[PDB]
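Novice: Here's a structure for you.
Protein chains in written order, with PDB author numbering: chain H, 624 to 690; chain 8, 931 to 996.
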């Protein structure tokens, strides 16, 4: 779909979390078919601790299951 | 093709062909018995790659059970 996130970078840009882009792309989450596997415990391992960031990321992951 | 090397390429994890081969996983049937420890012991360290490989194994076992 033309309107869909094209990459992890595009998705993080859309949800205003580009600060986490090196964290995901240096820890094996460089492709959207892997990003869509994220769960809360995976954000702990990635040291992503801000509850607002965490909720935003897990909402975006739910939307990719639709994809 | 239910080759280990074809399975890895299908999930974009062909970089681990030599890791699986060295660890003795010559069939997919041997891969389907793996757990997270088996994956780490091949020398696979990137978190998301561990997660993608195990998730694929979990799904393939469910699709062959029934």
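Beta carbons: idealized from backbone N, C-alpha and C, even for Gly.
1) Should residue 657 (chain H) go down as buried or exposed, given a rule of 16 or more other Cβ atoms within 10 Å for buried?
2) Distance check for residue 665 (chain H) and residue 673 (chain H), CA to CA, integer angstroms please.
3) Tell me, please, whether the CB atom of residue 964 (chain 8) is closer than 8 Å to any CB atom in chain H?
4) Does the distance from the C-beta atom of residue 983 (chain 8) to that of residue 962 (chain 8) stay below 8 Å?
5) Would a C-beta distance cut-off of 8 Å place residue 684 (chain H) and residue 640 (chain H) closer than the cut-off?
6) Could you tell me if residue 649 (chain H) is buried or exposed, where buried requires 16 or more neighbouring beta carbons within 10 angstroms of its beta carbon?
7) Can you tell me the Cα-Cα spacing of residue 944 (chain 8) and residue 977 (chain 8), whole angstroms?
8) Quick check: is the beta carbon of residue 682 (chain H) nearer than 8 Å to any beta carbon in chain 8?
9) With distances taken Cα to Cα, identify the nearest neighbour of residue 669 (chain H) among 629 (chain H), 630 (chain H), 645 (chain H) and 626 (chain H).
Specialist: In short, the structure shows the following:
1) As a working mapping, residue 657 (chain H) is identified with position 34 in the first chain. Burial call: buried.
2) Counting from one through the first chain, the residue named residue 673 (chain H) turns up at place 50. Counting from one through the first chain, the residue named residue 665 (chain H) turns up at place 42. Cα to Cα, the separation comes out at about 14 Å.
3) Position 34 of the second chain, counted from the start, is the residue given in the question as residue 964 (chain 8). Chain H, which has no Cβ nearer than 8 Å to the Cβ of residue 964 (chain 8), makes this no.
4) By 1-based counting over the second chain, the position of residue 983 (chain 8) is 53. By 1-based counting over the second chain, the position of residue 962 (chain 8) is 32. No, the pair does not count as a contact, with Cβ atoms beyond the cut-off.
5) In the first chain, the residue the question calls residue 684 (chain H) occupies position 61. In the first chain, the residue the question calls residue 640 (chain H) occupies position 17. No, the Cβ-Cβ distance between residue 684 (chain H) and residue 640 (chain H) is not below 8 Å.
6) Counting from 1 along the first chain, the entry for residue 649 (chain H) is found at position 26. Within 10 angstroms of the beta-carbon of residue 649 (chain H) lie fewer than 16 other beta-carbons, which makes it exposed.
7) Numbered from its first residue, the second chain carries residue 944 (chain 8) at position 14. Numbered from its first residue, the second chain carries residue 977 (chain 8) at position 47. Each residue's alpha carbon lies about 16 Å from the other.
8) Start at 1 with the first residue of the first chain, and residue 682 (chain H) comes out as number 59. Not an interface residue.
9) For this step, residue 669 (chain H) is matched to residue 46 along the first chain. Taking only the C-alpha atoms, the option nearest residue 669 (chain H) is 645 (chain H).
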